[PDB]
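Student: just the structure for this:
(6 chains, ligands or ions: 12)
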Amino acid sequence: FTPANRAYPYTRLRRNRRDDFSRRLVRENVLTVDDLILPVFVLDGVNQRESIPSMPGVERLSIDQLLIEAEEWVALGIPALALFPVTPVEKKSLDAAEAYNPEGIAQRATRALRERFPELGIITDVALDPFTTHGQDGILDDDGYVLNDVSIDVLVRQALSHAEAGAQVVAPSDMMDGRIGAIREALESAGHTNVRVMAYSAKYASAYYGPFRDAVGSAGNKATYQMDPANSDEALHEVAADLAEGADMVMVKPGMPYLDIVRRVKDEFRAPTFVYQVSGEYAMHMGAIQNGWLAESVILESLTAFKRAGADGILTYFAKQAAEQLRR
Amino acid sequence: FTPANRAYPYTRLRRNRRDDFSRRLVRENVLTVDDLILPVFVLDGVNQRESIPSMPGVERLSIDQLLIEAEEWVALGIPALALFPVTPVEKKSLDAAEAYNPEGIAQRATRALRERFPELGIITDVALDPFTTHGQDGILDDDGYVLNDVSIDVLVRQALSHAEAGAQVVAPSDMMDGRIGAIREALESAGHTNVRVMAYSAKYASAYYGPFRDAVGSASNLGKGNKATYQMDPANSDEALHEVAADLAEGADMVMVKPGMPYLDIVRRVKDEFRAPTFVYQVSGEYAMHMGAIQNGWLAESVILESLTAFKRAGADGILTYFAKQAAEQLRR
Amino acid sequence: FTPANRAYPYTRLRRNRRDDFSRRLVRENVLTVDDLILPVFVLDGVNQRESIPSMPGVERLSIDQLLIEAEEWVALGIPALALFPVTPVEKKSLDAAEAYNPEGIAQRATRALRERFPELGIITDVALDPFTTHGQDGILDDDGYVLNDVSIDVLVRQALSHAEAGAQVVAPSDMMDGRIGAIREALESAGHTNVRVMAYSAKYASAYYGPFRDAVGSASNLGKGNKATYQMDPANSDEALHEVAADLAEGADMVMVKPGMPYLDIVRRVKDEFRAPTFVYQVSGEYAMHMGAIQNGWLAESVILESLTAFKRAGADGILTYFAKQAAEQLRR
Amino acid sequence: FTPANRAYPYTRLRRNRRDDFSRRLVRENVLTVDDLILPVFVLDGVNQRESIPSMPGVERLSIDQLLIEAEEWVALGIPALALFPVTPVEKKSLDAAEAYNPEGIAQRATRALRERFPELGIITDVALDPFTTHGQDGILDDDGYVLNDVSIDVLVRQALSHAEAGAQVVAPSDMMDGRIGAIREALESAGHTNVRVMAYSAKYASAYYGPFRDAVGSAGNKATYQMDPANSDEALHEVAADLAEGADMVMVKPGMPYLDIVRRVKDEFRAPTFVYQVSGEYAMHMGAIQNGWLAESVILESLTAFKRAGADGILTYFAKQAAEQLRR
Amino acid sequence: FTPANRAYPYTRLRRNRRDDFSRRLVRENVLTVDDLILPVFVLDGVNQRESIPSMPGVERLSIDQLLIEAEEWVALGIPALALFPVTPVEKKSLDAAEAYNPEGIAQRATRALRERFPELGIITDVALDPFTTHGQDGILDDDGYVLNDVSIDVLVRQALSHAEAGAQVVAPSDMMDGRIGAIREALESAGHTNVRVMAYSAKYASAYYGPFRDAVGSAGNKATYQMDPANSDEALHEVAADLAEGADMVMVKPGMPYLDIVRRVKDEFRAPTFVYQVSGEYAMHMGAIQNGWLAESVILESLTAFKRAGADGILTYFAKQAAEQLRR
Amino acid sequence: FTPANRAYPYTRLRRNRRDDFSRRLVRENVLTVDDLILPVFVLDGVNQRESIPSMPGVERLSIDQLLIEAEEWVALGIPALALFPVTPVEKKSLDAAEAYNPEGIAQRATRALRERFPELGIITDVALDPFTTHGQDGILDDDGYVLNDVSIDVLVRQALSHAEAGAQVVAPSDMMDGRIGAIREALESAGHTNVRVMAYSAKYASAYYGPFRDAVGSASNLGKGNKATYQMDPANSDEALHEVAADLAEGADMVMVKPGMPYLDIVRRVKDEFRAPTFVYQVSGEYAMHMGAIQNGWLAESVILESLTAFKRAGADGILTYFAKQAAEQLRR
Ligand SMILES: [Mg+2]
Ligand SMILES: [Mg+2]
Ligand SMILES: [Mg+2]
Ligand SMILES: [Mg+2]
Ligand SMILES: [Mg+2]
Ligand SMILES: [Mg+2]
Ligand code: NA
Ligand code: NA
Ligand code: NA
Ligand code: NA
Ligand code: NA
Ligand code: NA
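Tutor: Residues are numbered from 1 along each chain as shown, chains lettered A, B, ... in the order given. Ligands and ions are numbered 1, 2, ... in the order given. Have a look at this structure:
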């Protein structure tokens, strides 16, 4: 950055703001549907939907209903979904074995979508917290500590089962050290050459996940694996490791409360960069809009921010709404 | 940056996360009371206190009530207030003359606070939008365009009236080009040598100001109006650096990014490039959306300190936040 | 940049290439209609439409015809036009006086378009080469040298005549030293506060302008002449940064690189160093060579959007292109 | 970059432009014959030349004719040729075995040139598309996907056969991940210590290759291996990998529509950098010149651009024309 | 850094200094108790304390006394202690075997503190100089040279014994090349996954250690392993190696005479950065304060410097004093 | 920086440490006599020599005694002295007039040294704190605030009196904003073309000056007073870069950081960013704490050259140090 000695009144930054045509020409960033990933909550049943108290307007969907809705998502141009199964309580355990069940919700939903919409991206969730009895993120030792390498063993089995289901992207959200490299090695050994790994690289120990926990039925803290909200430099180490270990894309989470992190990650690594606008961000915005406190326009404003900050792709519960505005 | 060939399992970033003592040691940033500015809505009259439905837990206060509340803001260590007068309807006009009235609410409130709390920082708002019938931040030409240099003449008179009232900091929030330099030159000429200028440098044409406009009562004046010919396009990041560079050249003592959390990347760029005192406004819409979620039971109250910690990590030195009292209470404990 | 120790087979860059959905997600740049400026050749007279053999598919149009065509340019969302008058032979002279004629073609066309399409951006050409008997961009001394400061006096009058006609943007294409500052000061003094200056900052002494010179009819005036004493040596890259820095200092609102695809590295440097609104001219020779190849069947029509995507990737915000209509049609579909 | 407060009228950038002598002194870049590589299309026969419809003035040449022409190329000072065989249809197959035939056109032309002009550089094309029945870039799986590692196996055999023919440079144009490292390992194992590898590192999925496809007789898309024209950051990852894998020089392709990529690659890596002015660029220019729409001078202008952008060497169908102008 | 053309009188840097409230708002750095590590000297006995002539106000403490004092340290919020045993003369040897004695002072103190204050960080000293007869830093060859790899063998045994005692951090202060990597490998092999390594990375051959040598009873030079005070660039190589070898935090030593090194290390690596305000710095300051030559306020001034220079954590004999001022 | 993949055991950084000859070869920095400035305390009167209990081994000297001592400072090669007069009590006043007295101690001492040792560099102190009854560095307003521009008027007269006395270097230590430019303009206008200005650029509101204030006898004048409204907050690092940039713009020939060893990171930043002659003051408190420890037997005398080597490594070109004679003696041997 060079200021180039620009000075009022020779330089008046309002001249370009004067007319819509000059604002449109110089406009630095834009949201398009190419940027959008829709996370979806998937039920076990058939002919079912459920409303979520802390996520107004978001539904859990059984797989038949998910296929119906996906027709419109595909028509809108949304490139990918991110699947989050809502695991029945009977299928939760200490060993999280349901993670790699070829008939688990994630695996069944994946096969169904891959067959019905071959061009639609399916990003599965590599994670043990949907399958543990404690909603905790992995296998626990006697002190209640989430064991790093032993949990990865389970995540690796899960990632393989997602690849076999035909998922084009697996996205480890677990924050175990080294899991990206372990999952990549396994995929490569098993001949899953082209399965992308979307690392949750810099995923903070946040209070903004509350409504997601209600959505998935897992509703303890995670400061021993998820990042301290205070730390920024530390995020660069996380991403560097994950790129070395073979991630095809890297993600910051949560989103708008961490835009500075998005900016640094894109600037320093110049790699495909993703950001999750999490359940709490969605719920904050949607709550204020429904209360009449904010205009609908905040939705696009929030999504434009992610582009401006350097994100290539955004995981957002507003993906459908945003895509419909962009179609119009 | 230099990754230094750090590789798992030799590098395991969970080791520092293992225990509280090590997380505390390596913790890169923290919010303190020194970082906090409380914006306050100020009524005319006496013994007036009004709730704001779009800003739950926030009240408009007459000056007598403001003086009483400020006792505990001072006790909690909050360094400064940012005053926002709620202009009576009959005092709005084309020429925004009420802006420089020595007896306007902002001027009166300043004089009262400077006397009662001589150590408390008073930031006044340099801006015509509270005083105009149309709700725009300056004087309109015959095409309804906000005139730049003519509006600055009025902002200059206003800033001078604020200095004369004893304000330590004037904050032009108007987004006219050149106004920081015009205000600085007027202050210097008049002998207001040490009056700080906190420039709203990169203030975006945002939708997150809705509840503030309700609170000061400019919402009905503005109607469906927009500020796209002066406040910045949300899409633009490089442009913000040009804004800040000019305001520093023009003599700003502090530079501000607004809104806040939707623009953390801009805070990061501004601090990184200029290394200057950097400020950020956690706007009314940001406050309301958090409040709304907390009151519904959708988010824990811990999101308040998480939202504020973000501004520190992004590179802000000071934060204008309606949560300043809550936060200062939480830090005192 | 930081390679982050990425190594095959852990890193396989074909994974993101595997499917359309992943290519779309990671796709770093895209052309939109917001990026497009259509240059247009404007005839005197009424009901005139002339093909240009060296620019297949491009026509010179009288103002009545321009107004009709512009209806669909507006409907397709093209933000702005760049006007290039085709000066009658008898109006060319040593003093280039026709440049500032309130009744010249450019002035007339501007008034007509500003009235009929108030939202359409009109970029006028500040330049003496359409009005000079020799075809050079300024007034010659007795050695046949293009005088710098004397030519600026004329360009200043011209820019003022354009502003008076209602042009939102004047674009000095002349490559005189200092002209951006001289034009800016004249606009400011005259109250043309918001008239943008789109500086042709790094315009090269190129051979790719041949078909344009046919189109405006300056080719016969120029003959074998060259512009080496003002337009930049093609070999020089560092020099372009000094050009842009001066034009920004002098008050340009936008800076332009010209020609385009033969100078993509200069676009990249200019955007990287200055972070300012950056423009690029896909010149007449670039248009013709693509057209020629497409019409012969040697290249698919897909090269059009590939050539334009390149400007975005290189760092241009806006592109002056004779393909603007074709491209906007292709994007609408 | 420091502007150093330079200001009109103290600074007038036209002063150096005033006279030829000052323009020549400050002139930042120049094309010389040292920068030129001539690609040539090689026929199977004897005493044969063929004209190419979409490449005016370019001939396919049998090997006897190629030796005749190379005398003038050598006299002009052109450092290297890039050989592109025109494979007879009978010698195309699914397995691309003709790639490593010691009596293939490329191998025969290489031996002949190495013997007759020992100082002339010969850059062979490591590629399966001249030898496949589908002109596709490698071995196909059941879905028609170009298999990465299995194709490399064939490319490695081909590169070895080029080294044995005496090629000083092999230039893999295939865009398989990891092929540079695989080819380098093989060359090193086989004792081909000094055989240079000119990686096609950042080679875009372009429409500018049309006339080349007519030239080689292969006249389907390549977006699953060649780069998206939209992507610039991604090019830096490609080059970094190829330098780590052992490339001696790295190339951007196509050329003038990707000068920004040349600039970034030279700036970031400071390694020997090449650029291909492809058949479509040649044909666009030559078409406009022949139509009288552009002056001949555009040829040198286009080649000067490559130098200015940071290229060390340029693969160009204009190499002979440019060399003759530089001789005069 | 961009000056942004700031000029007197438009810019008056005294405006922000005018009032306490504006100084507090712009204040760039602050010391908190989160930053503080207290080094402590530990005696063999019971019911014992000893004063140290060259460290006014610092005591050696037997383990019972150490537990008593640690109550107040914990109440103050001090995150960690750094243990330095005062080894009885009978337990010194050429082989330094007392380093890895499970009943050595360090190991006994560690167990006791880990049991009584489970949240208090214990950083042990990985070092042979407390256990050698010559106070020299390792195993000596026939010339009196400190043997690199042979000393590491002993340090590795010692670090393992500290991990088994329950130390959360081991801090190798020895300056043997490669010891960080050797100690990390051993910890990982032995299943000590979460034991942090605080490398003394850039530890100068300083005269500021004198009073420490009196404190530990070891009271020869160290220029063959500790760094030349003259060298700054060399410090970056030391830290890069130690980060590659697996250190979780990196330290500069001594402190205030090396603030430029702190600044460079934080700027270049963006990793958790520590600094030791050594015994000589403590004694210089405390001496001047007691003589009435300097005000008590120099203590916080010196500690604020470390934060400003880029240190995250500070090893300081003033930790208690500083924490009490911060509590008030 | 570039680690270049250096890894143990191929890289063993102890190899260069193995022998003295290799340590000497790679040794990155060294102190020499060329780097040394000796500050001296100067009494009125004749045949006066006074010890300073808070600065062991340092004496206040009358001018006759200063002239004698300076013979060996010159012989040891010390390039320059920094004079600090010890102002008689009766010469302190509100207006600090003694600052510009042609017969003041500093002026007299300068004339005497310039005559006796024409090659010895004389740095005079531009500052009002030795001459004010309150001990502050400028003139107070009615609120007890140190007035900026009014104090500069006095500093300007003083700097001129120093130049007239023959001082080659004036060093404003006052921390008024703008004083470097004001002093430079006055020197230029008056024909003092080559008088250097050594700016105390980033001088902190420090506690390490205590023994100096005893030595010049301003300690009793200052009492409990502070200089927080002008000298820099110790916590601030970015701010120091803004300070230095202004002083260079204003015409400083050298820029100084003060205090020294507690601010080595600031020395490093200032040298790195500006590449300008950089100076650092090893203050009286730094001298005393080292002295105290050496005399008690707690630290070896080798810490003296270690403290000074640090300033070189950090990027200082010159060091103001009460150890200059000891150090120059140690280097001569
Ligand atoms: Mg990780
Ligand atoms: Mg502005
Ligand atoms: Mg120019
Ligand atoms: Mg590749
Ligand atoms: Mg080491
Ligand atoms: Mg200053
Ligand atoms: Na995208
Ligand atoms: Na702050
Ligand atoms: Na654009
Ligand atoms: Na070359
Ligand atoms: Na810390
Ligand atoms: Na020096």
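
Student: could you say which helix or strand holds the closest residue to ligand 9 within the stretch 201-328 of chain A?
Tutor: Per Cβ to the ion, residue A:307 is where the stretch 201-328 of chain A lies closest to ligand 9, at 13.3 Å. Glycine gets a C-beta too; all of them are placed from N, C-alpha and C. Secondary structure assignment for residue A:307, by DSSP states H and E: helix A:298-309.

Student: what's near enough to touch the residue of the stretch 151-300 of chain A found nearest ligand 12?
Tutor: The nearest approach of the stretch 151-300 of chain A to ligand 12 comes at residue A:233, 34.8 Å away (Cβ to the ion). Residue A:233 is in contact with B:1, B:28, E:270-271, counting by Cβ atoms under 8 Å, 6 or more residues apart in numbering or on different chains.

Student: return the member of those residues nearest to chain C.
Tutor: Using Cβ to the nearest Cβ, residue B:1 comes nearest to chain C of the contacts of residue A:233, at 6.7 Å.

Student: which ones are touching the closest residue to the residue of the stretch 201-328 of chain A closest to ligand 9 other than its chain neighbours?
Tutor: What sits nearest to residue A:307 in space, not counting adjacent residues and going by Cβ to Cβ, 6 or more residues apart in numbering or on different chains, is residue A:29, at 4.4 Å. Residue A:29 is in contact with A:304, A:307-308, B:235-237, counting by Cβ under 8 Å, 6+ apart.

Student: redo that, cut-off 6 Å
Tutor: By Cβ atoms under 6 Å, 6 or more residues apart in numbering or on different chains, the contact set of residue A:29 is A:307-308, B:235.

Student: out of everything not next to it in sequence, what's closest to the residue in the stretch 101-250 of chain A that ligand 10 sits nearest to?
Tutor: Nearest to ligand 10, among the residues of the stretch 101-250 of chain A, is residue A:243, at 33.0 Å (Cβ to the ion). Leaving out its chain neighbours, the residue that sits closest to residue A:243 by Cβ to Cβ, 6+ apart is residue C:4, at 3.8 Å.

Student: so which strand or helix has the closest residue to ligand 11 within chain A?
Tutor: Chain A approaches ligand 11 most closely through residue A:230 (9.7 Å), counting by Cβ to the ion. Counting by DSSP H and E, there is no helix or strand that carries residue A:230.

Student: can you give me the helices in chain A?
Tutor: For chain A, the helices defined by DSSP state H occupy A:14-17, A:20-26, A:63-76, A:105-116, A:148-165, A:179-189, A:210-216, A:233-244, A:259-269, A:279-290, A:298-309, A:319-327.

Student: which strands or helices does the fifth one pack on?
Tutor: Spelled out, that is helix A:148-165. Where contact means 3 or more Cβ pairs under 6 Å, 6 or more residues apart in numbering or on different chains; DSSP states H and E, helix A:148-165 is packed against helix A:105-116, strand A:121-126, helix A:179-189.

Student: about what we covered before: now the two most distant members of the contacts of residue A:233.
Tutor: The distance between the two most remote of those (Cβ to Cβ) is 13.9 Å, for B:1 and B:28.

Student: go ahead and confirm residue A:172 touches residue A:128.
Tutor: No. Residue A:172 is beyond contact range of residue A:128, at 10.3 Å (criterion: Cβ atoms under 6 Å).

Student: these two: who's more crowded?
Tutor: It is residue A:172, of residue A:172 and residue A:128, that has more neighbours when counted by other Cβ atoms under 10 Å in any protein chain shown, with 28 against 25.

Student: who is the more buried one paired with across the strands?
Tutor: Beta bridges link residue A:172 to residue A:126 when assigned by DSSP bridges.

Student: how close does it sit to ligand 7?
Tutor: Distance, residue A:172 to ligand 7, using Cβ to the ion, to the nearest Å: 21 Å.

Student: and what of residue A:22?
Tutor: Distance of residue A:22 to ligand 7, computed by Cβ to the ion: 25 Å.

Student: now swap in residue A:322 and tell me
Tutor: Distance, residue A:322 to ligand 7, using Cβ to the ion: 13 Å.

Student: with residue A:49 instead?
Tutor: 30 Å.

Student: likewise residue A:309?
Tutor: For residue A:309, the distance to ligand 7 equals 12 Å [Cβ to the ion].

Student: repeat that for residue A:215.
Tutor: Here the criterion is Cβ to the ion. By it, residue A:215 lies 25 Å from ligand 7.

Student: surely that residue touches residue A:54?
Tutor: No. In this structure residue A:215 lies outside contact range of residue A:54 using Cβ under 6 Å: 7.9 Å.

Student: OK, contacts around whatever residue of the stretch 51-200 of chain A ends up closest to ligand 7?
Tutor: Residue of the stretch 51-200 of chain A nearest ligand 7, by Cβ to the ion: residue A:79 (8.6 Å). By Cβ under 6 Å, 6+ apart, the contact set of residue A:79 is A:121, C:21, C:24-25.
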